[PDB]
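For reference, model-v1.pdb is printed below; it contains PDB, C-alpha atoms and all ligand atoms.
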ATOM      1  CA  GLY L 201      18.188  -9.089  53.134
ATOM      2  CA  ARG L 202      19.251  -7.845  49.733
ATOM      3  CA  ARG L 203      21.323  -4.813  50.797
ATOM      4  CA  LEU L 204      20.551  -2.449  47.915
ATOM      5  CA  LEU L 205      19.368  -2.487  44.334
ATOM      6  CA  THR L 206      22.063  -2.466  41.655
ATOM      7  CA  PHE L 207      21.396  -0.586  38.431
ATOM      8  CA  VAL L 208      23.506  -0.592  35.299
ATOM      9  CA  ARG L 209      24.433   3.062  35.809
ATOM     10  CA  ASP L 210      25.944   2.187  39.230
ATOM     11  CA  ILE L 211      28.685  -0.064  37.699
ATOM     12  CA  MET L 212      29.101   1.154  34.098
ATOM     13  CA  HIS L 213      32.296   2.575  32.652
ATOM     14  CA  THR L 214      31.975   6.214  31.938
ATOM     15  CA  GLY L 215      33.928   9.292  30.927
ATOM     16  CA  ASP L 216      37.235   8.550  29.320
ATOM     17  CA  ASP L 217      36.810   4.854  30.166
ATOM     18  CA  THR L 218      33.929   4.547  27.726
ATOM     19  CA  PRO L 219      35.105   2.851  24.486
ATOM     20  CA  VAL L 220      33.963   5.154  21.744
ATOM     21  CA  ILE L 221      35.007   6.224  18.269
ATOM     22  CA  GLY L 222      33.399   8.371  15.579
ATOM     23  CA  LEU L 223      31.916   7.629  12.222
ATOM     24  CA  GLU L 224      35.155   8.633  10.494
ATOM     25  CA  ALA L 225      37.243   6.065  12.315
ATOM     26  CA  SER L 226      39.049   3.135  10.792
ATOM     27  CA  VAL L 227      39.206  -0.474  11.934
ATOM     28  CA  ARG L 228      42.724   0.276  13.200
ATOM     29  CA  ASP L 229      41.262   3.086  15.369
ATOM     30  CA  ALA L 230      38.624   0.651  16.617
ATOM     31  CA  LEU L 231      41.255  -1.908  17.637
ATOM     32  CA  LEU L 232      43.229   0.616  19.547
ATOM     33  CA  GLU L 233      40.176   1.897  21.425
ATOM     34  CA  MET L 234      38.894  -1.634  22.135
ATOM     35  CA  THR L 235      42.245  -2.567  23.571
ATOM     36  CA  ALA L 236      42.570   0.652  25.610
ATOM     37  CA  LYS L 237      39.159   0.382  27.394
ATOM     38  CA  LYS L 238      39.401  -3.374  28.128
ATOM     39  CA  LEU L 239      35.715  -4.252  27.313
ATOM     40  CA  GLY L 240      36.207  -6.280  24.079
ATOM     41  CA  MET L 241      34.215  -3.757  22.044
ATOM     42  CA  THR L 242      33.731  -0.142  21.073
ATOM     43  CA  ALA L 243      30.726   1.978  20.419
ATOM     44  CA  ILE L 244      30.581   4.251  17.371
ATOM     45  CA  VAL L 245      28.800   7.564  17.722
ATOM     46  CA  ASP L 246      27.872  10.383  15.332
ATOM     47  CA  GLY L 247      28.904  14.000  15.722
ATOM     48  CA  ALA L 248      26.053  14.593  18.231
ATOM     49  CA  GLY L 249      27.228  11.691  20.500
ATOM     50  CA  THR L 250      24.319   9.508  19.483
ATOM     51  CA  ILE L 251      25.095   5.798  19.210
ATOM     52  CA  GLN L 252      25.255   4.492  15.601
ATOM     53  CA  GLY L 253      26.703   1.052  16.137
ATOM     54  CA  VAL L 254      29.102  -1.246  17.941
ATOM     55  CA  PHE L 255      32.063  -3.340  16.822
ATOM     56  CA  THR L 256      33.161  -6.363  18.894
ATOM     57  CA  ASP L 257      36.025  -8.773  18.911
ATOM     58  CA  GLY L 258      33.621 -11.341  17.406
ATOM     59  CA  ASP L 259      32.877  -8.835  14.635
ATOM     60  CA  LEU L 260      36.596  -8.658  13.917
ATOM     61  CA  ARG L 261      36.747 -12.449  13.515
ATOM     62  CA  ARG L 262      33.873 -12.364  11.118
ATOM     63  CA  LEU L 263      35.568  -9.604   9.146
ATOM     64  CA  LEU L 264      38.830 -11.517   8.928
ATOM     65  CA  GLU L 265      36.967 -14.451   7.397
ATOM     66  CA  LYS L 266      36.155 -12.274   4.410
ATOM     67  CA  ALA L 267      38.827  -9.541   4.136
ATOM     68  CA  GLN L 268      42.593  -9.028   4.463
ATOM     69  CA  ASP L 269      44.473  -5.748   5.044
ATOM     70  CA  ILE L 270      41.714  -4.190   7.099
ATOM     71  CA  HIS L 271      43.537  -1.471   9.054
ATOM     72  CA  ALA L 272      42.276   1.417   6.815
ATOM     73  CA  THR L 273      38.744  -0.007   6.338
ATOM     74  CA  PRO L 274      36.092   2.464   7.524
ATOM     75  CA  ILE L 275      34.385   1.345  10.727
ATOM     76  CA  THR L 276      31.056   2.103   9.126
ATOM     77  CA  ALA L 277      31.587  -0.616   6.536
ATOM     78  CA  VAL L 278      31.886  -3.368   9.211
ATOM     79  CA  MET L 279      30.076  -2.258  12.419
ATOM     80  CA  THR L 280      26.774  -3.521  13.726
ATOM     81  CA  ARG L 281      24.265  -0.739  13.256
ATOM     82  CA  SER L 282      21.234  -2.374  14.878
ATOM     83  CA  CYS L 283      22.993  -2.742  18.154
ATOM     84  CA  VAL L 284      21.523  -3.538  21.575
ATOM     85  CA  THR L 285      21.561  -0.688  24.092
ATOM     86  CA  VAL L 286      20.182  -0.256  27.596
ATOM     87  CA  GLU L 287      19.200   2.613  29.844
ATOM     88  CA  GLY L 288      21.134   3.370  33.008
ATOM     89  CA  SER L 289      17.952   2.705  34.984
ATOM     90  CA  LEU L 290      17.940  -0.956  33.991
ATOM     91  CA  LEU L 291      18.674  -3.391  36.859
ATOM     92  CA  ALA L 292      21.935  -5.272  36.504
ATOM     93  CA  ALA L 293      19.845  -8.438  36.888
ATOM     94  CA  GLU L 294      17.839  -7.411  33.839
ATOM     95  CA  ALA L 295      21.012  -6.706  31.889
ATOM     96  CA  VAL L 296      22.462 -10.164  32.430
ATOM     97  CA  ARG L 297      19.228 -11.652  31.041
ATOM     98  CA  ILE L 298      19.572  -9.459  27.927
ATOM     99  CA  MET L 299      23.175 -10.683  27.368
ATOM    100  CA  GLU L 300      21.950 -14.249  27.568
ATOM    101  CA  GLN L 301      18.896 -13.827  25.352
ATOM    102  CA  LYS L 302      20.701 -11.750  22.699
ATOM    103  CA  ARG L 303      23.948 -13.799  22.855
ATOM    104  CA  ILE L 304      26.160 -10.753  23.448
ATOM    105  CA  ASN L 305      28.844  -9.719  25.906
ATOM    106  CA  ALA L 306      28.612  -5.987  26.420
ATOM    107  CA  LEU L 307      26.104  -3.169  26.381
ATOM    108  CA  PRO L 308      26.339   0.485  25.574
ATOM    109  CA  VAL L 309      24.319   2.485  28.085
ATOM    110  CA  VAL L 310      22.338   5.386  26.661
ATOM    111  CA  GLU L 311      20.000   8.242  27.527
ATOM    112  CA  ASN L 312      17.883   9.481  24.664
ATOM    113  CA  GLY L 313      20.285   7.804  22.172
ATOM    114  CA  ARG L 314      23.189   9.720  23.728
ATOM    115  CA  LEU L 315      25.967   7.352  24.830
ATOM    116  CA  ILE L 316      26.670   7.668  28.602
ATOM    117  CA  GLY L 317      28.776   4.562  29.309
ATOM    118  CA  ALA L 318      29.282   0.859  28.782
ATOM    119  CA  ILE L 319      29.273  -2.362  30.658
ATOM    120  CA  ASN L 320      30.282  -5.907  29.902
ATOM    121  CA  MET L 321      29.637  -9.416  31.305
ATOM    122  CA  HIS L 322      32.499  -9.112  33.802
ATOM    123  CA  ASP L 323      30.922  -6.004  35.345
ATOM    124  CA  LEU L 324      27.780  -7.994  36.013
ATOM    125  CA  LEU L 325      29.698 -10.915  37.551
ATOM    126  CA  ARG L 326      31.362  -8.706  40.175
ATOM    127  CA  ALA L 327      30.862  -9.740  43.757
ATOM    128  CA  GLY L 328      27.558  -8.672  45.215
ATOM    129  CA  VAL L 329      26.014  -7.486  41.939
ATOM    130  CA  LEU L 330      23.723 -10.386  41.133
TER     131      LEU L 330
ATOM    132  CA  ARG X 203      18.077 -32.199  34.136
ATOM    133  CA  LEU X 204      21.468 -32.723  35.945
ATOM    134  CA  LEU X 205      23.480 -29.498  35.703
ATOM    135  CA  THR X 206      25.862 -29.548  38.673
ATOM    136  CA  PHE X 207      29.285 -29.794  37.087
ATOM    137  CA  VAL X 208      31.136 -28.363  34.171
ATOM    138  CA  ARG X 209      31.054 -31.758  32.447
ATOM    139  CA  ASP X 210      27.222 -31.603  32.593
ATOM    140  CA  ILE X 211      27.022 -28.263  30.735
ATOM    141  CA  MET X 212      30.067 -28.145  28.473
ATOM    142  CA  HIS X 213      30.158 -28.534  24.769
ATOM    143  CA  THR X 214      31.735 -31.831  24.158
ATOM    144  CA  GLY X 215      32.761 -34.229  21.414
ATOM    145  CA  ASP X 216      32.348 -32.750  17.971
ATOM    146  CA  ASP X 217      30.856 -29.589  19.439
ATOM    147  CA  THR X 218      34.235 -28.698  20.958
ATOM    148  CA  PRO X 219      36.247 -26.040  19.171
ATOM    149  CA  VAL X 220      39.594 -27.625  18.517
ATOM    150  CA  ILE X 221      42.377 -27.546  15.934
ATOM    151  CA  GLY X 222      45.748 -29.325  15.779
ATOM    152  CA  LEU X 223      49.184 -27.919  16.344
ATOM    153  CA  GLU X 224      49.819 -27.765  12.649
ATOM    154  CA  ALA X 225      46.796 -25.502  11.933
ATOM    155  CA  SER X 226      46.911 -21.940  10.581
ATOM    156  CA  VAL X 227      45.101 -18.844  11.799
ATOM    157  CA  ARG X 228      42.626 -19.345   8.878
ATOM    158  CA  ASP X 229      41.791 -22.802  10.307
ATOM    159  CA  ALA X 230      41.357 -21.201  13.740
ATOM    160  CA  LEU X 232      38.909 -18.592  12.451
ATOM    161  CA  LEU X 233      36.740 -21.196  10.795
ATOM    162  CA  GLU X 234      36.664 -23.370  13.865
ATOM    163  CA  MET X 235      36.038 -20.399  16.210
ATOM    164  CA  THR X 236      33.075 -19.422  14.115
ATOM    165  CA  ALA X 237      31.701 -22.918  13.647
ATOM    166  CA  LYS X 238      31.511 -23.751  17.425
ATOM    167  CA  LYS X 239      30.175 -20.350  18.558
ATOM    168  CA  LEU X 240      32.397 -19.951  21.661
ATOM    169  CA  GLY X 241      34.618 -17.057  20.480
ATOM    170  CA  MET X 242      37.696 -19.283  20.882
ATOM    171  CA  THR X 243      39.383 -22.494  19.914
ATOM    172  CA  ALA X 244      41.669 -24.900  21.703
ATOM    173  CA  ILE X 245      44.823 -26.232  20.102
ATOM    174  CA  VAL X 246      45.810 -29.839  20.806
ATOM    175  CA  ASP X 247      48.690 -32.081  19.848
ATOM    176  CA  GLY X 248      48.123 -35.317  17.906
ATOM    177  CA  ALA X 249      47.393 -37.159  21.113
ATOM    178  CA  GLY X 250      44.560 -34.733  21.960
ATOM    179  CA  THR X 251      46.538 -32.961  24.726
ATOM    180  CA  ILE X 252      45.884 -29.274  25.086
ATOM    181  CA  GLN X 253      48.722 -26.974  23.988
ATOM    182  CA  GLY X 254      47.048 -23.569  23.966
ATOM    183  CA  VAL X 255      44.011 -21.501  23.252
ATOM    184  CA  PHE X 256      43.286 -18.638  20.901
ATOM    185  CA  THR X 257      40.402 -16.226  21.527
ATOM    186  CA  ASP X 258      38.685 -13.391  19.721
ATOM    187  CA  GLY X 259      40.541 -10.958  22.085
ATOM    188  CA  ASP X 260      43.834 -12.629  20.989
ATOM    189  CA  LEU X 261      42.886 -11.926  17.420
ATOM    190  CA  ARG X 262      42.414  -8.187  18.187
ATOM    191  CA  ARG X 263      45.780  -8.080  19.842
ATOM    192  CA  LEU X 264      47.330  -9.904  16.929
ATOM    193  CA  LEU X 265      45.818  -7.502  14.393
ATOM    194  CA  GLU X 266      47.374  -4.648  16.256
ATOM    195  CA  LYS X 267      50.851  -5.974  15.297
ATOM    196  CA  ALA X 268      50.206  -8.124  12.173
ATOM    197  CA  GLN X 269      48.410  -7.892   8.888
ATOM    198  CA  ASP X 270      47.526 -10.755   6.514
ATOM    199  CA  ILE X 271      47.449 -13.415   9.112
ATOM    200  CA  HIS X 272      45.590 -16.232   7.397
ATOM    201  CA  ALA X 273      48.706 -18.378   6.689
ATOM    202  CA  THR X 274      50.356 -17.811  10.079
ATOM    203  CA  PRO X 275      50.856 -20.970  12.161
ATOM    204  CA  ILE X 276      48.552 -21.096  15.185
ATOM    205  CA  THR X 277      51.486 -21.991  17.415
ATOM    206  CA  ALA X 278      53.078 -18.592  16.751
ATOM    207  CA  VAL X 279      50.064 -16.653  18.195
ATOM    208  CA  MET X 280      48.199 -18.916  20.574
ATOM    209  CA  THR X 281      48.277 -18.535  24.356
ATOM    210  CA  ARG X 282      50.334 -21.545  25.571
ATOM    211  CA  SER X 283      50.014 -21.155  29.295
ATOM    212  CA  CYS X 284      46.203 -21.286  29.134
ATOM    213  CA  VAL X 285      43.663 -21.783  31.956
ATOM    214  CA  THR X 286      42.005 -25.200  31.958
ATOM    215  CA  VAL X 287      39.474 -26.938  34.220
ATOM    216  CA  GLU X 288      38.497 -30.497  34.930
ATOM    217  CA  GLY X 289      34.991 -31.776  34.188
ATOM    218  CA  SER X 290      34.495 -32.347  37.903
ATOM    219  CA  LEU X 291      34.524 -28.567  38.593
ATOM    220  CA  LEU X 292      31.207 -27.294  39.936
ATOM    221  CA  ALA X 293      29.504 -25.098  37.331
ATOM    222  CA  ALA X 294      29.247 -22.208  39.802
ATOM    223  CA  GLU X 295      33.016 -22.489  40.309
ATOM    224  CA  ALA X 296      33.639 -22.090  36.562
ATOM    225  CA  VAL X 297      31.845 -18.769  36.795
ATOM    226  CA  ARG X 298      34.075 -17.742  39.681
ATOM    227  CA  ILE X 299      37.246 -18.595  37.695
ATOM    228  CA  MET X 300      36.107 -16.663  34.643
ATOM    229  CA  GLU X 301      35.398 -13.616  36.770
ATOM    230  CA  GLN X 302      38.545 -13.668  38.809
ATOM    231  CA  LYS X 303      40.783 -14.345  35.773
ATOM    232  CA  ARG X 304      38.878 -12.039  33.413
ATOM    233  CA  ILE X 305      38.478 -14.714  30.775
ATOM    234  CA  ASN X 306      35.461 -15.856  28.834
ATOM    235  CA  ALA X 307      35.762 -19.550  28.117
ATOM    236  CA  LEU X 308      37.464 -22.629  29.492
ATOM    237  CA  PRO X 309      38.772 -25.734  27.858
ATOM    238  CA  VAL X 310      37.808 -28.745  29.885
ATOM    239  CA  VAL X 311      40.421 -31.443  30.336
ATOM    240  CA  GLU X 312      41.299 -34.708  32.004
ATOM    241  CA  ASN X 313      45.030 -34.688  32.719
ATOM    242  CA  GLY X 314      45.692 -32.434  29.760
ATOM    243  CA  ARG X 315      43.464 -34.450  27.362
ATOM    244  CA  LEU X 316      40.822 -32.081  25.937
ATOM    245  CA  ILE X 317      37.212 -33.290  26.484
ATOM    246  CA  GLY X 318      35.184 -30.142  25.899
ATOM    247  CA  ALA X 319      34.768 -26.384  26.290
ATOM    248  CA  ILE X 320      32.394 -24.082  28.157
ATOM    249  CA  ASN X 321      31.752 -20.318  28.248
ATOM    250  CA  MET X 322      29.630 -17.880  30.217
ATOM    251  CA  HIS X 323      26.690 -18.174  27.854
ATOM    252  CA  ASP X 324      26.499 -21.917  28.451
ATOM    253  CA  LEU X 325      26.360 -21.371  32.194
ATOM    254  CA  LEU X 326      23.644 -18.691  31.899
ATOM    255  CA  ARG X 327      21.569 -20.910  29.638
ATOM    256  CA  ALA X 328      21.914 -23.801  32.081
ATOM    257  CA  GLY X 329      20.442 -21.718  34.945
ATOM    258  CA  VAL X 330      23.716 -21.599  36.931
ATOM    259  CA  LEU X 331      23.177 -17.898  37.542
TER     260      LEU X 331
HETATM  261  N1  LIG L 401      25.420  -4.322  22.640
HETATM  262  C1  LIG L 401      25.671  -5.132  21.604
HETATM  263  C2  LIG L 401      26.711  -6.086  21.669
HETATM  264  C3  LIG L 401      26.912  -6.870  20.567
HETATM  265  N2  LIG L 401      26.156  -6.708  19.444
HETATM  266  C4  LIG L 401      26.342  -7.550  18.229
HETATM  267  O1  LIG L 401      25.936  -8.888  18.486
HETATM  268  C5  LIG L 401      26.784  -9.756  17.743
HETATM  269  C6  LIG L 401      27.308 -10.789  18.712
HETATM  270  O2  LIG L 401      28.159 -10.146  19.669
HETATM  271  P1  LIG L 401      29.630 -10.726  19.927
HETATM  272  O3  LIG L 401      30.175  -9.989  21.156
HETATM  273  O4  LIG L 401      30.451 -10.705  18.645
HETATM  274  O5  LIG L 401      29.263 -12.249  20.325
HETATM  275  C7  LIG L 401      30.106 -13.438  20.316
HETATM  276  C8  LIG L 401      29.952 -14.014  18.902
HETATM  277  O6  LIG L 401      30.936 -13.948  18.124
HETATM  278  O7  LIG L 401      28.837 -14.494  18.539
HETATM  279  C9  LIG L 401      31.567 -13.132  20.635
HETATM  280  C10 LIG L 401      32.432 -14.363  20.972
HETATM  281  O8  LIG L 401      33.718 -13.916  21.524
HETATM  282  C11 LIG L 401      31.673 -15.254  21.956
HETATM  283  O9  LIG L 401      31.672 -14.576  23.184
HETATM  284  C12 LIG L 401      30.229 -15.563  21.511
HETATM  285  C13 LIG L 401      29.464 -16.264  22.609
HETATM  286  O10 LIG L 401      29.937 -17.622  22.687
HETATM  287  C14 LIG L 401      27.974 -16.182  22.388
HETATM  288  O11 LIG L 401      27.663 -16.556  21.047
HETATM  289  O12 LIG L 401      29.557 -14.333  21.329
HETATM  290  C15 LIG L 401      27.894  -8.948  17.067
HETATM  291  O13 LIG L 401      27.603  -8.802  15.682
HETATM  292  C16 LIG L 401      27.823  -7.590  17.759
HETATM  293  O14 LIG L 401      28.286  -6.466  16.988
HETATM  294  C17 LIG L 401      25.143  -5.757  19.408
HETATM  295  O15 LIG L 401      24.380  -5.669  18.413
HETATM  296  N3  LIG L 401      24.923  -4.984  20.479
HETATM  297  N1  LIG L 402      40.906 -20.597  29.239
HETATM  298  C1  LIG L 402      41.619 -19.535  28.849
HETATM  299  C2  LIG L 402      40.949 -18.428  28.294
HETATM  300  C3  LIG L 402      41.684 -17.340  27.884
HETATM  301  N2  LIG L 402      43.042 -17.338  28.091
HETATM  302  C4  LIG L 402      43.798 -16.155  27.658
HETATM  303  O1  LIG L 402      43.354 -15.068  28.452
HETATM  304  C5  LIG L 402      43.603 -13.882  27.727
HETATM  305  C6  LIG L 402      42.317 -13.143  27.932
HETATM  306  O2  LIG L 402      41.244 -13.777  27.275
HETATM  307  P1  LIG L 402      40.242 -12.905  26.308
HETATM  308  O3  LIG L 402      39.064 -13.788  26.049
HETATM  309  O4  LIG L 402      41.080 -12.396  25.192
HETATM  310  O5  LIG L 402      39.783 -11.738  27.265
HETATM  311  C7  LIG L 402      39.282 -10.444  26.986
HETATM  312  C8  LIG L 402      40.466  -9.565  26.607
HETATM  313  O6  LIG L 402      40.504  -8.966  25.535
HETATM  314  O7  LIG L 402      41.393  -9.447  27.407
HETATM  315  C9  LIG L 402      38.184 -10.397  25.951
HETATM  316  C10 LIG L 402      37.201  -9.225  26.135
HETATM  317  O8  LIG L 402      35.895  -9.617  25.698
HETATM  318  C11 LIG L 402      36.928  -8.805  27.556
HETATM  319  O9  LIG L 402      36.009  -9.732  28.140
HETATM  320  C12 LIG L 402      38.214  -8.733  28.356
HETATM  321  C13 LIG L 402      37.928  -8.345  29.800
HETATM  322  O10 LIG L 402      36.815  -7.426  29.792
HETATM  323  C14 LIG L 402      39.154  -7.697  30.424
HETATM  324  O11 LIG L 402      38.948  -7.454  31.846
HETATM  325  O12 LIG L 402      38.793 -10.046  28.267
HETATM  326  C15 LIG L 402      43.856 -14.254  26.283
HETATM  327  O13 LIG L 402      45.218 -13.962  25.969
HETATM  328  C16 LIG L 402      43.496 -15.725  26.222
HETATM  329  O14 LIG L 402      44.233 -16.481  25.297
HETATM  330  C17 LIG L 402      43.645 -18.420  28.721
HETATM  331  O15 LIG L 402      44.857 -18.418  28.911
HETATM  332  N3  LIG L 402      42.939 -19.528  29.068
END

Please express what this file holds, its structure, as structure tokens.
Ligand SMILES: Nc1ccn([C@@H]2O[C@H](COP(=O)(O)O[C@@]3(C(=O)O)C[C@@H](O)[C@@H](O)[C@@H]([C@H](O)CO)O3)[C@@H](O)[C@H]2O)c(=O)n1
Ligand SMILES: Nc1ccn([C@@H]2O[C@H](COP(=O)(O)O[C@@]3(C(=O)O)C[C@@H](O)[C@@H](O)[C@@H]([C@H](O)CO)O3)[C@@H](O)[C@H]2O)c(=O)n1
Amino acid sequence: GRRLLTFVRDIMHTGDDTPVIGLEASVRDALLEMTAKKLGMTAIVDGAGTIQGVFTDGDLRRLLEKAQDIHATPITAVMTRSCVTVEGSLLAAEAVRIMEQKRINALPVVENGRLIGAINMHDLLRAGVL
Amino acid sequence: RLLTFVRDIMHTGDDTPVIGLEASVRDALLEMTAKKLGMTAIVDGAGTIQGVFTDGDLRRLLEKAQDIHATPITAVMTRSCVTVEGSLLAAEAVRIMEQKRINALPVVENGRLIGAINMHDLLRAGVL
């Protein structure tokens, strides 16, 4: 039988492994954070830790189609504000459906708007999860 | 209806993201965007795969370069790229992507590019 139920909070990246920058960050800051946390994206939060947006590798491509010399560009000018988030109590099986339906690759995990971690497609494809 | 193998589910023909060896990074961006897979393949004139370039590659490039539009794709592409044959079971393409921590696969026959597939294609086809 199915051994145990897997929720997003069980396999999300948390603490210092969460990719996160503030509203004052630049695109350069975003790149460095994206690279460091290995999820292909970063969240952006306000001073209270509330999620304000995300910026993905795909977002970078789209930016580079319209701008050059982007290292000092404020993250707020280029991020996705109406981003998709999930609660930690979501089933992993539910999350994978959301990635498919919304055509995205990673999810910030939140509680009351407050960022608590992140997952991506590869977390959901781990052995035994689905 | 038939969705067993990679060849069944891949983007193929003109839906494949592909540019030639002579292309620039600007050409790569346009193609990456147009075909919606977050990557492009690079082929020689004969249609043989020479490399790939992904959205993650672009991040890594932007960490060490600026003003990249005119840069030749050969200078930044991944040459030793992972490829699959069309005869791969679709479930096995998922397993490769997971184990290798990659997000799309060019499909080949003896190095000749025939298509490309990513995780979203597999999800949409009911593979998982
Ligand atoms: N939790 C999330 C994750 C992503 N997004 C937004 O959704 C859009 C699509 O996300 P993406 O990660 O950029 O999606 C891409 C894309 O560029 O569209 C990336 C690309 O590498 C490739 O993986 C393709 C897939 O082939 C699916 O289209 O998908 C982006 O504007 C992003 O900021 C969001 O609102 N909330
Ligand atoms: N068929 C392929 C596909 C990709 N690659 C190469 O594999 C490397 C990783 O591919 P990526 O798509 O850039 O992979 C990323 C990356 O940035 O490394 C993207 C990011 O969304 C995220 O999915 C992370 C994983 O989360 C890391 O575990 O993976 C790249 O240099 C790419 O050229 C390859 O050789 N052959």

Problem set entry | Given all atoms listed in the file as the counted atoms, nearest of L:311, L:294, L:259, L:300 to ligand LIG 401 (chain L) |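 The shortest atom-to-atom distance to ligand LIG 401 (chain L) comes from L:259.
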
Problem set entry | range 277-290 of chain L environment, 8 Å, all atoms listed in the file, sequence neighbours closer than 4 positions dropped, as JSON, numbers by chain | {"L": [207, 208, 209, 210, 252, 253, 254, 255, 259, 263, 273, 294, 295, 307, 308, 309, 310, 311]}

Within 12 Å of range 219-232 of chain X, which residues of range 288-318 of chain X show up? Give each one with its shortest atom-to-atom distance in Å (one decimal) and the two atoms involved, counting only C-alpha atoms, rows by chain then rising residue number, as a tab-separated table.
residue	atom	partner	partner_atom	distance
X:307	CA	X:219	CA	11.1
X:308	CA	X:219	CA	10.9
X:309	CA	X:219	CA	9.1
X:310	CA	X:219	CA	11.2
X:315	CA	X:220	CA	11.8
X:316	CA	X:220	CA	8.7
X:317	CA	X:220	CA	10.1
X:318	CA	X:219	CA	8.0

For this session: Please give me, as a list in words, the residues lying within 6 Å of ligand LIG 402 (chain L) when counting only C-alpha atoms and all ligand atoms.
Result: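 So, counting only C-alpha atoms and all ligand atoms, the residues near ligand LIG 402 (chain L) are residues 238, 239 and 240 of chain L; 255, 256, 257, 259, 260, 281, 283, 284, 285, 286, 304, 305, 306, 307, 308 and 309 of chain X.
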
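Closest approach to ligand LIG 401 (chain L) among L:272, L:241, L:330, L:316 is made by L:241 (distances from only C-alpha atoms and all ligand atoms).
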